Amino acid sequence: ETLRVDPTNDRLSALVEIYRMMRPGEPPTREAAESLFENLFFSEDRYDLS
Amino acid sequence: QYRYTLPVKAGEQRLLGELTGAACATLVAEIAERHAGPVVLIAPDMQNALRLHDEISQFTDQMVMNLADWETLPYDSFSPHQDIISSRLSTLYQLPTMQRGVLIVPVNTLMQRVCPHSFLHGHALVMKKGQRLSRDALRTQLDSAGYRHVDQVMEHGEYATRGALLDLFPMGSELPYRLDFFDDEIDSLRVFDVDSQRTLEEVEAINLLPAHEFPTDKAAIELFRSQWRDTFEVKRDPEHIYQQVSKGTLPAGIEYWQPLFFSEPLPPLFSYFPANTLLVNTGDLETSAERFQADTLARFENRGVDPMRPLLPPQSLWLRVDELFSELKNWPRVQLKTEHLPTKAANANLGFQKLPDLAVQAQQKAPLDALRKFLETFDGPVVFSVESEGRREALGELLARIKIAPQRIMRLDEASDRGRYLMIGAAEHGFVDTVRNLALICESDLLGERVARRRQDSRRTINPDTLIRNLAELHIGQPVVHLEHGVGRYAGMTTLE
């Protein structure tokens with residue numbers, strides 16, 4: 001049901017949706033969005049469980 | 001007499017070689033001066049094209065212009081500052097018919113698709129002395145064209161209407177015009193300055209070109225919405241350009257929505273070339289066009305996201321390089337190469353070789369040593385081609401140091417059997433023409449090399465009885481001097497990271 005209510009169909013538009021939720025304004029690009037998501041949870045320096 | 005043969009056929013080539021900088025200018029100058037037919041020089045990059053826009057003037061009086069590029073990248077986010085557009089489409093009006101003259105286009109605007117003659121021819125018009133054309137009727141015609149009504153007309157696309165007196169600035173011409181409509185008819189075509197505000201003189205007929213490179217009226221907006229709802233999707237948002245042009249206002253990066261406004265594929269502007277037209281090539285198109293298309297595709301896939309303002313496929317707005325190199329084969333081509341091409345027909349290597357290094361330096365007692373040796377041992381004409389007249393004084397005293405006073409000639413053909421000649425232009429690298437033994441010695445040929453050096457090795461006298469010969473047998477603790485820091489105690493070997 002969440003897939004049905006989801007207005008997104010692939011990975012790249014998903015990253016763009018995450019960008020537009022993260023940062024109002026700033027019309028997203030490809031590298032900006034993928035970099036934001038890749039350092040949002042998968043960078044040893046900007047995200048760290050002890 | 002000439003040195004090579006003009007080509008006129010479908011797609012044949014003519015290869016001219018051994019050329020070096022600031023000689024492509026004089027070759028294409030003689031091309032313009034010898035050939036009946038417009039010459040469209042297609043530079044490998046706009047930067048180079050700008051440079052050429054100087055040098056050709058320096059070597060010819062024949063009419064020259066560029067085609068103005070939008071100053072943004074492919075799929076960028078800026079309107080081109082419509083002033084530029086005012087130049088651009090103006091050339092597209094005359095490009096249907098121009099018998100002589102040269103137009104310099106880089107590969108970027110060479111491969112862009114342009115608005116068809118249907119739009120530009122249809123939305124252009126003429127105003128003569130004797131039309132019975134009504135005042136507000138002409139105002140509404142300007143409205144349907146898509147100009148802007150202001151009372152302080154200074155720049156392009158601006159018009160005013162005050163009772164009987166009407167003025168406007170056509171996007172094709174360069175000066176505004178005043179109308180003075182009486183009994184619902186044109187009575188005066190008076191050119192008045194943007195600064196004087198007074199009539200300079202009176203013409204009988206003049207032409208008007210529309211707003212900018214795509215229509216704007218409501219039928220066109222409905223067509224735009226139809227084609228958007230065909231190809232892309234819509235989302236209700238006041239920044240989404242679909243609804244944002246449904247509010248009527250044109251966004252910033254709207255010029256990259258060219259084909260939607262037009263209901264037909266856009267011509268690749270080769271239709272805009274006259275039938276008997278010759279192209280000359282510089283560098284190698286096969287690399288620069290391909291690099292531009294790769295950059296366009298990379299920037300597209302980078303920006304082919306953000307569904308708020310999605311984007312087109314480049315295979316409609318821009319040409320593909322295979323299509324470009326097929327459509328080139330309907331125009332004869334002359335390739336200017338800076339390389340020695342070996343031998344074949346339709347291929348002549350013109351001796352345009354490098355000048356020897358006339359470097360001027362005051363370190364030697366005689367500054368103009370190489371110059372005074374080269375010019376005297378030379379046997380043909382030499383021309384100096386100073387940039388500015390004030391810089392000509394920079395010629396006059398320096399050539400006075402070996403007491404040389406040159407002649408001032410306009411055209412390069414005014415060179416004689418042997419002598420010293422000066423002229424005005426912007427060429428930057430001289431050469432020697434072996435066929436007529438001409439010498440060109442530009443401004444930067446005497447001030448060639450930039451130098452950066454300060455000092456080194458002050459106290460490096462490494463044989464003093466105190467250098468210790470770097471023997472490395474010193475016991476630990478014996479004091480040691482380091483030249484940059486000072487005196488201390490040596491404390492042995494160590495290992496670090």
# chains A, B, ... in the order shown; residues from 1 in each chain; ligands from 1
>>> select_by_dssp(residues="chain A", states="alpha helix (DSSP H)", output="list in words")
residues 2, 3, 4, 5, 11, 12, 13, 14, 15, 16, 17, 18, 19, 20, 21, 22, 30, 31, 32, 33, 34, 35, 36, 37, 38, 39, 40 and 41 of chain A
>>> write_last_selection(atoms="N, CA and C atoms", output="mmCIF file, in the first residue's frame")
data_model
loop_
_atom_site.group_PDB
_atom_site.id
_atom_site.type_symbol
_atom_site.label_atom_id
_atom_site.label_comp_id
_atom_site.auth_asym_id
_atom_site.auth_seq_id
_atom_site.Cartn_x
_atom_site.Cartn_y
_atom_site.Cartn_z
ATOM 1 N N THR A 2 2.021 1.192 0.659
ATOM 2 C CA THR A 2 2.963 2.302 0.605
ATOM 3 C C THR A 2 3.561 2.452 -0.784
ATOM 4 N N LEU A 3 3.798 1.333 -1.470
ATOM 5 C CA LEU A 3 4.242 1.403 -2.856
ATOM 6 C C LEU A 3 3.187 2.055 -3.736
ATOM 7 N N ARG A 4 1.914 1.753 -3.482
ATOM 8 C CA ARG A 4 0.842 2.377 -4.250
ATOM 9 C C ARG A 4 0.742 3.873 -3.986
ATOM 10 N N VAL A 5 0.876 4.306 -2.729
ATOM 11 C CA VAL A 5 0.774 5.741 -2.455
ATOM 12 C C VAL A 5 2.061 6.471 -2.819
ATOM 13 N N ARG A 11 15.122 4.813 -8.557
ATOM 14 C CA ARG A 11 16.060 5.249 -7.527
ATOM 15 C C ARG A 11 16.397 6.730 -7.646
ATOM 16 N N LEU A 12 16.548 7.234 -8.868
ATOM 17 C CA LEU A 12 17.093 8.574 -9.040
ATOM 18 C C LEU A 12 16.060 9.634 -8.680
ATOM 19 N N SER A 13 14.809 9.425 -9.093
ATOM 20 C CA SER A 13 13.741 10.316 -8.657
ATOM 21 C C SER A 13 13.483 10.184 -7.161
ATOM 22 N N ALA A 14 13.766 9.016 -6.580
ATOM 23 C CA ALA A 14 13.684 8.876 -5.129
ATOM 24 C C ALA A 14 14.729 9.740 -4.438
ATOM 25 N N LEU A 15 15.957 9.735 -4.960
ATOM 26 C CA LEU A 15 17.004 10.584 -4.405
ATOM 27 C C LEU A 15 16.652 12.056 -4.562
ATOM 28 N N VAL A 16 16.025 12.409 -5.684
ATOM 29 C CA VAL A 16 15.607 13.790 -5.900
ATOM 30 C C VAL A 16 14.500 14.185 -4.928
ATOM 31 N N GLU A 17 13.565 13.272 -4.660
ATOM 32 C CA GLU A 17 12.523 13.547 -3.678
ATOM 33 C C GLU A 17 13.113 13.727 -2.286
ATOM 34 N N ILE A 18 14.111 12.908 -1.940
ATOM 35 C CA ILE A 18 14.792 13.058 -0.656
ATOM 36 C C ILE A 18 15.527 14.393 -0.594
ATOM 37 N N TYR A 19 16.094 14.833 -1.718
ATOM 38 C CA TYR A 19 16.747 16.138 -1.740
ATOM 39 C C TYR A 19 15.736 17.257 -1.527
ATOM 40 N N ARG A 20 14.620 17.211 -2.254
ATOM 41 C CA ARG A 20 13.632 18.280 -2.152
ATOM 42 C C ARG A 20 12.938 18.295 -0.800
ATOM 43 N N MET A 21 12.858 17.155 -0.114
ATOM 44 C CA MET A 21 12.394 17.190 1.268
ATOM 45 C C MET A 21 13.473 17.740 2.192
ATOM 46 N N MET A 22 14.736 17.379 1.945
ATOM 47 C CA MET A 22 15.838 17.838 2.787
ATOM 48 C C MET A 22 16.021 19.345 2.691
ATOM 49 N N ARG A 30 21.840 15.691 -10.231
ATOM 50 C CA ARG A 30 22.079 14.284 -9.939
ATOM 51 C C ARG A 30 23.156 14.117 -8.877
ATOM 52 N N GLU A 31 24.327 14.723 -9.103
ATOM 53 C CA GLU A 31 25.447 14.520 -8.193
ATOM 54 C C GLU A 31 25.170 15.097 -6.817
ATOM 55 N N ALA A 32 24.468 16.232 -6.744
ATOM 56 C CA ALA A 32 24.140 16.817 -5.449
ATOM 57 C C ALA A 32 23.260 15.892 -4.620
ATOM 58 N N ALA A 33 22.206 15.341 -5.218
ATOM 59 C CA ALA A 33 21.312 14.443 -4.501
ATOM 60 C C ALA A 33 21.982 13.134 -4.114
ATOM 61 N N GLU A 34 22.740 12.522 -5.029
ATOM 62 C CA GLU A 34 23.365 11.249 -4.691
ATOM 63 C C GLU A 34 24.459 11.444 -3.648
ATOM 64 N N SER A 35 25.167 12.577 -3.703
ATOM 65 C CA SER A 35 26.162 12.875 -2.682
ATOM 66 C C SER A 35 25.507 13.106 -1.330
ATOM 67 N N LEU A 36 24.388 13.839 -1.309
ATOM 68 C CA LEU A 36 23.682 14.084 -0.057
ATOM 69 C C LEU A 36 23.237 12.780 0.579
ATOM 70 N N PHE A 37 22.648 11.886 -0.215
ATOM 71 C CA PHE A 37 22.196 10.627 0.365
ATOM 72 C C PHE A 37 23.366 9.728 0.747
ATOM 73 N N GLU A 38 24.453 9.752 -0.026
ATOM 74 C CA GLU A 38 25.572 8.874 0.283
ATOM 75 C C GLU A 38 26.334 9.322 1.520
ATOM 76 N N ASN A 39 26.343 10.616 1.832
ATOM 77 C CA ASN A 39 26.943 11.064 3.081
ATOM 78 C C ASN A 39 25.919 11.279 4.187
ATOM 79 N N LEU A 40 24.638 11.030 3.919
ATOM 80 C CA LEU A 40 23.627 11.176 4.958
ATOM 81 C C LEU A 40 23.650 10.016 5.942
ATOM 82 N N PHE A 41 23.975 8.812 5.474
ATOM 83 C CA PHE A 41 23.977 7.641 6.334
ATOM 84 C C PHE A 41 25.149 6.702 6.111
#
>>> interface_residues(of="chain B", to="chain A", cutoff="9 Å", atoms="only C-alpha atoms", output="PDB file with C-alpha atoms, in the first residue's frame")
ATOM      1  CA  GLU B 301      21.548  13.289 -17.352  1.00  0.00           C
ATOM      2  CA  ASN B 302      22.782  15.378 -14.433  1.00  0.00           C
ATOM      3  CA  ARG B 303      19.741  17.641 -14.820  1.00  0.00           C
ATOM      4  CA  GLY B 304      17.269  15.109 -16.297  1.00  0.00           C
ATOM      5  CA  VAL B 305      15.939  14.821 -12.759  1.00  0.00           C
ATOM      6  CA  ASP B 306      14.145  17.375 -10.554  1.00  0.00           C
ATOM      7  CA  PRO B 307      10.701  16.727 -12.108  1.00  0.00           C
ATOM      8  CA  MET B 308       9.935  20.267 -11.106  1.00  0.00           C
ATOM      9  CA  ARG B 309      11.148  21.601 -14.504  1.00  0.00           C
TER      10      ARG B 309
END
>>> residues_around(residues="residue 151 in chain B", least_positions_apart="6", cutoff="10 Å", atoms="only C-alpha atoms", output="list in words")
residues 158, 159, 160, 161, 162 and 167 of chain B
>>> residues_around(residues="residue 352 in chain B", least_positions_apart="2", cutoff="8 Å", atoms="only C-alpha atoms", output="PDB file with C-alpha atoms, in the first residue's frame")
ATOM      1  CA  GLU B  18      51.423  24.267 -43.270  1.00  0.00           C
ATOM      2  CA  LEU B  19      49.474  27.167 -41.763  1.00  0.00           C
ATOM      3  CA  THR B  20      50.355  28.821 -38.452  1.00  0.00           C
ATOM      4  CA  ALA B  23      47.560  33.287 -41.283  1.00  0.00           C
ATOM      5  CA  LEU B 350      50.812  26.668 -48.629  1.00  0.00           C
ATOM      6  CA  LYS B 354      57.162  30.184 -38.614  1.00  0.00           C
ATOM      7  CA  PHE B 431      54.776  34.286 -40.131  1.00  0.00           C
ATOM      8  CA  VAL B 432      56.695  34.053 -43.402  1.00  0.00           C
ATOM      9  CA  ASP B 433      54.862  33.429 -46.693  1.00  0.00           C
ATOM     10  CA  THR B 434      57.296  31.590 -48.948  1.00  0.00           C
TER      11      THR B 434
END
>>> select_by_dssp(residues="range 294-434 of chain B", states="strand (DSSP E)", output="VMD selection string")
chain B and resid 333 to 336 347 to 349 352 to 353 381 to 383 407 to 408 419 to 422 431 to 433
>>> write_last_selection(atoms="N, CA, C and O atoms", output="mmCIF file, in the first residue's frame")
data_model
loop_
_atom_site.group_PDB
_atom_site.id
_atom_site.type_symbol
_atom_site.label_atom_id
_atom_site.label_comp_id
_atom_site.auth_asym_id
_atom_site.auth_seq_id
_atom_site.Cartn_x
_atom_site.Cartn_y
_atom_site.Cartn_z
ATOM 1 N N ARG B 333 33.570 22.271 -48.668
ATOM 2 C CA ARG B 333 34.318 22.590 -47.457
ATOM 3 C C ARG B 333 35.802 22.759 -47.739
ATOM 4 O O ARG B 333 36.390 21.987 -48.500
ATOM 5 N N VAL B 334 36.400 23.765 -47.110
ATOM 6 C CA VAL B 334 37.838 23.992 -47.153
ATOM 7 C C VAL B 334 38.382 23.893 -45.740
ATOM 8 O O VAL B 334 38.060 24.722 -44.887
ATOM 9 N N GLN B 335 39.227 22.899 -45.491
ATOM 10 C CA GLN B 335 39.771 22.667 -44.159
ATOM 11 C C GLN B 335 41.156 23.280 -44.060
ATOM 12 O O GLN B 335 42.063 22.904 -44.812
ATOM 13 N N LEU B 336 41.319 24.200 -43.112
ATOM 14 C CA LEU B 336 42.599 24.832 -42.833
ATOM 15 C C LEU B 336 43.260 24.056 -41.704
ATOM 16 O O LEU B 336 42.760 24.045 -40.576
ATOM 17 N N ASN B 347 44.113 19.468 -52.512
ATOM 18 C CA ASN B 347 44.927 19.545 -51.310
ATOM 19 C C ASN B 347 46.214 20.264 -51.675
ATOM 20 O O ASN B 347 47.035 19.729 -52.424
ATOM 21 N N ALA B 348 46.385 21.469 -51.145
ATOM 22 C CA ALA B 348 47.581 22.243 -51.419
ATOM 23 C C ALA B 348 48.139 22.755 -50.103
ATOM 24 O O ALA B 348 47.422 23.356 -49.301
ATOM 25 N N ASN B 349 49.428 22.515 -49.893
ATOM 26 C CA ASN B 349 50.120 22.940 -48.684
ATOM 27 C C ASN B 349 50.806 24.262 -48.983
ATOM 28 O O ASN B 349 51.765 24.310 -49.759
ATOM 29 N N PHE B 352 53.583 28.810 -45.179
ATOM 30 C CA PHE B 352 53.214 29.905 -44.290
ATOM 31 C C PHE B 352 53.957 29.720 -42.975
ATOM 32 O O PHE B 352 53.380 29.735 -41.889
ATOM 33 N N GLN B 353 55.265 29.538 -43.085
ATOM 34 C CA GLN B 353 56.042 28.946 -42.013
ATOM 35 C C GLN B 353 56.314 29.942 -40.890
ATOM 36 O O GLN B 353 55.994 31.130 -40.971
ATOM 37 N N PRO B 381 59.101 41.783 -48.397
ATOM 38 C CA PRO B 381 58.395 42.775 -47.585
ATOM 39 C C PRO B 381 58.143 42.280 -46.171
ATOM 40 O O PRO B 381 57.930 41.091 -45.926
ATOM 41 N N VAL B 382 58.184 43.222 -45.230
ATOM 42 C CA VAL B 382 57.910 42.949 -43.821
ATOM 43 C C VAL B 382 56.842 43.926 -43.352
ATOM 44 O O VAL B 382 56.940 45.125 -43.621
ATOM 45 N N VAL B 383 55.816 43.415 -42.669
ATOM 46 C CA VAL B 383 54.729 44.221 -42.122
ATOM 47 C C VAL B 383 54.615 43.921 -40.634
ATOM 48 O O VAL B 383 54.783 42.771 -40.210
ATOM 49 N N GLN B 407 56.357 52.072 -43.720
ATOM 50 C CA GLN B 407 55.238 52.668 -44.429
ATOM 51 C C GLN B 407 53.924 52.249 -43.780
ATOM 52 O O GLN B 407 53.842 51.218 -43.111
ATOM 53 N N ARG B 408 52.898 53.069 -43.964
ATOM 54 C CA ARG B 408 51.564 52.769 -43.453
ATOM 55 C C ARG B 408 50.677 52.407 -44.638
ATOM 56 O O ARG B 408 50.302 53.270 -45.435
ATOM 57 N N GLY B 419 60.646 45.870 -48.170
ATOM 58 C CA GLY B 419 60.517 47.092 -47.400
ATOM 59 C C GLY B 419 59.923 46.821 -46.036
ATOM 60 O O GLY B 419 59.712 45.672 -45.636
ATOM 61 N N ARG B 420 59.658 47.913 -45.323
ATOM 62 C CA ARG B 420 59.093 47.880 -43.981
ATOM 63 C C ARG B 420 57.760 48.609 -43.992
ATOM 64 O O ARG B 420 57.673 49.744 -44.471
ATOM 65 N N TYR B 421 56.722 47.952 -43.480
ATOM 66 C CA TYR B 421 55.359 48.446 -43.568
ATOM 67 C C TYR B 421 54.649 48.193 -42.249
ATOM 68 O O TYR B 421 54.909 47.198 -41.568
ATOM 69 N N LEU B 422 53.756 49.105 -41.888
ATOM 70 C CA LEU B 422 52.977 48.983 -40.669
ATOM 71 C C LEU B 422 51.505 49.161 -40.996
ATOM 72 O O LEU B 422 51.146 49.848 -41.957
ATOM 73 N N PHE B 431 54.424 35.457 -39.336
ATOM 74 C CA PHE B 431 54.776 34.286 -40.131
ATOM 75 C C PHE B 431 55.584 34.750 -41.337
ATOM 76 O O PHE B 431 55.805 35.947 -41.541
ATOM 77 N N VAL B 432 56.026 33.783 -42.137
ATOM 78 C CA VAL B 432 56.695 34.053 -43.402
ATOM 79 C C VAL B 432 55.989 33.273 -44.509
ATOM 80 O O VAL B 432 55.846 32.047 -44.430
ATOM 81 N N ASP B 433 55.516 33.999 -45.518
ATOM 82 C CA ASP B 433 54.862 33.429 -46.693
ATOM 83 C C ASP B 433 55.929 33.202 -47.753
ATOM 84 O O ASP B 433 56.476 34.155 -48.314
#
>>> residues_around(residues="residue 15 in chain B", least_positions_apart="5", cutoff="12 Å", atoms="only C-alpha atoms", output="VMD selection string")
chain B and resid 4 to 7 280 to 283 332 to 350
>>> write_last_selection(atoms="N, CA and C atoms", output="PDB file, in the first residue's frame")
ATOM      1  N   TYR B   4      45.524  28.499 -55.069  1.00  0.00           N
ATOM      2  CA  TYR B   4      44.700  27.264 -54.968  1.00  0.00           C
ATOM      3  C   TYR B   4      43.373  27.485 -55.703  1.00  0.00           C
ATOM      4  N   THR B   5      42.466  26.503 -55.635  1.00  0.00           N
ATOM      5  CA  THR B   5      41.213  26.534 -56.438  1.00  0.00           C
ATOM      6  C   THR B   5      39.985  26.453 -55.523  1.00  0.00           C
ATOM      7  N   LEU B   6      38.992  27.322 -55.746  1.00  0.00           N
ATOM      8  CA  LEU B   6      37.740  27.292 -54.943  1.00  0.00           C
ATOM      9  C   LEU B   6      36.942  26.029 -55.275  1.00  0.00           C
ATOM     10  N   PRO B   7      36.393  25.301 -54.278  1.00  0.00           N
ATOM     11  CA  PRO B   7      35.542  24.140 -54.547  1.00  0.00           C
ATOM     12  C   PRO B   7      34.028  24.414 -54.560  1.00  0.00           C
ATOM     13  N   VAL B 280      34.380  27.025 -44.450  1.00  0.00           N
ATOM     14  CA  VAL B 280      35.785  26.808 -44.139  1.00  0.00           C
ATOM     15  C   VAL B 280      35.889  26.362 -42.691  1.00  0.00           C
ATOM     16  N   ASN B 281      36.739  25.376 -42.463  1.00  0.00           N
ATOM     17  CA  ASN B 281      36.866  24.691 -41.192  1.00  0.00           C
ATOM     18  C   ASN B 281      38.237  24.985 -40.604  1.00  0.00           C
ATOM     19  N   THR B 282      38.278  25.098 -39.283  1.00  0.00           N
ATOM     20  CA  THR B 282      39.504  25.355 -38.549  1.00  0.00           C
ATOM     21  C   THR B 282      39.622  24.324 -37.441  1.00  0.00           C
ATOM     22  N   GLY B 283      40.822  23.785 -37.260  1.00  0.00           N
ATOM     23  CA  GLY B 283      41.017  22.735 -36.284  1.00  0.00           C
ATOM     24  C   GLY B 283      40.386  21.432 -36.727  1.00  0.00           C
ATOM     25  N   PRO B 332      30.194  22.558 -49.903  1.00  0.00           N
ATOM     26  CA  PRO B 332      31.635  22.376 -50.130  1.00  0.00           C
ATOM     27  C   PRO B 332      32.444  22.923 -48.964  1.00  0.00           C
ATOM     28  N   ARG B 333      33.570  22.271 -48.668  1.00  0.00           N
ATOM     29  CA  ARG B 333      34.318  22.590 -47.457  1.00  0.00           C
ATOM     30  C   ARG B 333      35.802  22.759 -47.739  1.00  0.00           C
ATOM     31  N   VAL B 334      36.400  23.765 -47.110  1.00  0.00           N
ATOM     32  CA  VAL B 334      37.838  23.992 -47.153  1.00  0.00           C
ATOM     33  C   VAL B 334      38.382  23.893 -45.740  1.00  0.00           C
ATOM     34  N   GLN B 335      39.227  22.899 -45.491  1.00  0.00           N
ATOM     35  CA  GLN B 335      39.771  22.667 -44.159  1.00  0.00           C
ATOM     36  C   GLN B 335      41.156  23.280 -44.060  1.00  0.00           C
ATOM     37  N   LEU B 336      41.319  24.200 -43.112  1.00  0.00           N
ATOM     38  CA  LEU B 336      42.599  24.832 -42.833  1.00  0.00           C
ATOM     39  C   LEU B 336      43.260  24.056 -41.704  1.00  0.00           C
ATOM     40  N   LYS B 337      44.376  23.405 -42.000  1.00  0.00           N
ATOM     41  CA  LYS B 337      45.064  22.571 -41.029  1.00  0.00           C
ATOM     42  C   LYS B 337      46.420  23.166 -40.686  1.00  0.00           C
ATOM     43  N   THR B 338      46.742  23.164 -39.398  1.00  0.00           N
ATOM     44  CA  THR B 338      48.066  23.565 -38.931  1.00  0.00           C
ATOM     45  C   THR B 338      49.015  22.375 -38.912  1.00  0.00           C
ATOM     46  N   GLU B 339      49.079  21.665 -40.034  1.00  0.00           N
ATOM     47  CA  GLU B 339      49.861  20.445 -40.119  1.00  0.00           C
ATOM     48  C   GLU B 339      50.180  20.196 -41.584  1.00  0.00           C
ATOM     49  N   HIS B 340      51.335  19.583 -41.825  1.00  0.00           N
ATOM     50  CA  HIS B 340      51.822  19.314 -43.174  1.00  0.00           C
ATOM     51  C   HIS B 340      51.091  18.099 -43.736  1.00  0.00           C
ATOM     52  N   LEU B 341      50.102  18.342 -44.604  1.00  0.00           N
ATOM     53  CA  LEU B 341      49.408  17.248 -45.281  1.00  0.00           C
ATOM     54  C   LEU B 341      50.231  16.782 -46.473  1.00  0.00           C
ATOM     55  N   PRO B 342      50.430  15.467 -46.649  1.00  0.00           N
ATOM     56  CA  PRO B 342      51.440  14.998 -47.612  1.00  0.00           C
ATOM     57  C   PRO B 342      51.198  15.355 -49.077  1.00  0.00           C
ATOM     58  N   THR B 343      50.181  14.759 -49.711  1.00  0.00           N
ATOM     59  CA  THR B 343      49.867  15.001 -51.119  1.00  0.00           C
ATOM     60  C   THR B 343      48.573  14.318 -51.549  1.00  0.00           C
ATOM     61  N   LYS B 344      47.754  15.047 -52.315  1.00  0.00           N
ATOM     62  CA  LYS B 344      46.656  14.553 -53.146  1.00  0.00           C
ATOM     63  C   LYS B 344      46.039  15.741 -53.868  1.00  0.00           C
ATOM     64  N   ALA B 345      45.172  15.485 -54.843  1.00  0.00           N
ATOM     65  CA  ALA B 345      44.414  16.571 -55.441  1.00  0.00           C
ATOM     66  C   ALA B 345      43.434  17.141 -54.420  1.00  0.00           C
ATOM     67  N   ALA B 346      42.933  18.345 -54.720  1.00  0.00           N
ATOM     68  CA  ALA B 346      42.090  19.128 -53.806  1.00  0.00           C
ATOM     69  C   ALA B 346      42.789  19.359 -52.468  1.00  0.00           C
ATOM     70  N   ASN B 347      44.113  19.468 -52.512  1.00  0.00           N
ATOM     71  CA  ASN B 347      44.927  19.545 -51.310  1.00  0.00           C
ATOM     72  C   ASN B 347      46.214  20.264 -51.675  1.00  0.00           C
ATOM     73  N   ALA B 348      46.385  21.469 -51.145  1.00  0.00           N
ATOM     74  CA  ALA B 348      47.581  22.243 -51.419  1.00  0.00           C
ATOM     75  C   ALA B 348      48.139  22.755 -50.103  1.00  0.00           C
ATOM     76  N   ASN B 349      49.428  22.515 -49.893  1.00  0.00           N
ATOM     77  CA  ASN B 349      50.120  22.940 -48.684  1.00  0.00           C
ATOM     78  C   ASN B 349      50.806  24.262 -48.983  1.00  0.00           C
ATOM     79  N   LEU B 350      50.315  25.328 -48.368  1.00  0.00           N
ATOM     80  CA  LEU B 350      50.812  26.668 -48.629  1.00  0.00           C
ATOM     81  C   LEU B 350      51.893  27.009 -47.617  1.00  0.00           C
TER      82      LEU B 350
END
>>> atom_distance(atom1="CA of residue 126 in chain B", atom2="CA of residue 210 in chain B")
11.6 Å
>>> residues_around(residues="residue 138 in chain B", least_positions_apart="4", cutoff="10 Å", atoms="only C-alpha atoms", output="PyMOL selection string")
chain B and resi 127+133-134+142-144+166+181+184-186
>>> write_last_selection(atoms="N, CA and C atoms", output="PDB file, in the first residue's frame")
ATOM      1  N   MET B 127       6.767  48.352 -42.751  1.00  0.00           N
ATOM      2  CA  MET B 127       6.010  49.596 -42.654  1.00  0.00           C
ATOM      3  C   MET B 127       6.622  50.585 -43.636  1.00  0.00           C
ATOM      4  N   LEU B 133      -2.843  51.972 -42.623  1.00  0.00           N
ATOM      5  CA  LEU B 133      -2.886  51.047 -41.500  1.00  0.00           C
ATOM      6  C   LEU B 133      -3.127  51.823 -40.213  1.00  0.00           C
ATOM      7  N   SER B 134      -4.155  51.416 -39.473  1.00  0.00           N
ATOM      8  CA  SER B 134      -4.664  52.193 -38.357  1.00  0.00           C
ATOM      9  C   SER B 134      -3.699  52.167 -37.175  1.00  0.00           C
ATOM     10  N   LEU B 142       1.719  44.939 -33.003  1.00  0.00           N
ATOM     11  CA  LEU B 142       2.898  44.851 -32.145  1.00  0.00           C
ATOM     12  C   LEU B 142       2.639  43.975 -30.927  1.00  0.00           C
ATOM     13  N   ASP B 143       1.420  44.028 -30.386  1.00  0.00           N
ATOM     14  CA  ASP B 143       1.056  43.184 -29.250  1.00  0.00           C
ATOM     15  C   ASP B 143       1.088  41.709 -29.633  1.00  0.00           C
ATOM     16  N   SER B 144       0.478  41.373 -30.772  1.00  0.00           N
ATOM     17  CA  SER B 144       0.509  40.005 -31.276  1.00  0.00           C
ATOM     18  C   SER B 144       1.923  39.555 -31.603  1.00  0.00           C
ATOM     19  N   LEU B 166       3.712  57.644 -32.369  1.00  0.00           N
ATOM     20  CA  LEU B 166       4.052  56.277 -32.013  1.00  0.00           C
ATOM     21  C   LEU B 166       5.523  56.045 -32.313  1.00  0.00           C
ATOM     22  N   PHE B 181       1.120  58.612 -36.617  1.00  0.00           N
ATOM     23  CA  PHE B 181      -0.070  58.152 -37.317  1.00  0.00           C
ATOM     24  C   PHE B 181      -1.158  59.220 -37.338  1.00  0.00           C
ATOM     25  N   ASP B 184      -5.642  57.338 -39.258  1.00  0.00           N
ATOM     26  CA  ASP B 184      -5.447  55.888 -39.178  1.00  0.00           C
ATOM     27  C   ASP B 184      -4.463  55.393 -40.236  1.00  0.00           C
ATOM     28  N   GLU B 185      -3.348  56.106 -40.391  1.00  0.00           N
ATOM     29  CA  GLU B 185      -2.381  55.777 -41.426  1.00  0.00           C
ATOM     30  C   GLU B 185      -0.997  56.284 -41.042  1.00  0.00           C
ATOM     31  N   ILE B 186       0.018  55.578 -41.547  1.00  0.00           N
ATOM     32  CA  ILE B 186       1.408  55.994 -41.399  1.00  0.00           C
ATOM     33  C   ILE B 186       1.664  57.258 -42.209  1.00  0.00           C
TER      34      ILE B 186
END
>>> residues_around(residues="range 219-224 of chain B", least_positions_apart="2", cutoff="10 Å", atoms="only C-alpha atoms", output="VMD selection string")
chain B and resid 214 to 217 226 to 230 242 245 to 246 248 257 to 263
>>> atom_distance(atom1="CA of residue 469 in chain B", atom2="CA of residue 486 in chain B")
18.5 Å
>>> closest_atom_pairs(of="range 337-433 of chain B", to="range 58-70 of chain B", cutoff="9 Å", atoms="only C-alpha atoms", output="CSV")
residue,atom,partner,partner_atom,distance
B:385,CA,B:58,CA,8.7
B:410,CA,B:59,CA,8.5
B:411,CA,B:59,CA,6.6
B:412,CA,B:59,CA,6.9
B:423,CA,B:58,CA,8.5
B:424,CA,B:58,CA,6.7
B:425,CA,B:58,CA,4.5
B:426,CA,B:58,CA,6.7
B:427,CA,B:58,CA,7.6
